[PDB]
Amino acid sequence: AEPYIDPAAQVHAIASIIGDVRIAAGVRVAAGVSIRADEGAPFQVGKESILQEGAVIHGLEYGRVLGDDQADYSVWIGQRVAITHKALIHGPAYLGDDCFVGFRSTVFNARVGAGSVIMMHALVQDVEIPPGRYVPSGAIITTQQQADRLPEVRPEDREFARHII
């Protein structure tokens, strides 16, 4: 009913975290981030994840994903996930460890495998993205055929991601 905020998390005073949200050690949450597990709950934000300004995490009343701990979440964000400016993560949603979600991108009703890089102005909806795939800027990914076809993440993509965080 109230958020669990790890004493080692750095949550900006002006961030809004509401409801059954677990924020792990080393998570950074910028000003003007909204995390509301007031409809869909619970949410998990894994260790050393980063949420930038304008990021929203919300969830549908119904529909869940299976967490790494074998519990059900509206939203599971793994470790060292980067949710950048103006990204929307809408449950049901799974982001595996080391994922990057670029500016103004959306993940809704989707599972994104670890080590995937979603670029800027993209939509990921209704799909499982396999681990380690790249979603180009402006992509609209709404079918499993499209998600199974995505190219692999290259080292240049992760270096790009590390620069932006």
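Residue indices: 1-based, along the sequence shown.
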| query | Comparing 68-76 with 85-93, which has the greater mean CA B-factor as deposited? | reply | 68-76
| field | Residue range whose averaged C-alpha B-factor is higher in the record, 12-20 or 153-161 | value | 12-20
| Per the PDB entry, which option out of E53, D126, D98, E61 has the greatest Cα B factor? | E61
| Highest Cα B-factor in the deposition, which of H121, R111, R36, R133? | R36
| For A41, does the deposited CA B-factor place it in the lowest, middle or highest third of the chain? | highest
| task | Divide the modelled residues of the chain into thirds by Cα B-factor and specify which third, lowest, middle or highest, holds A31. | result | highest
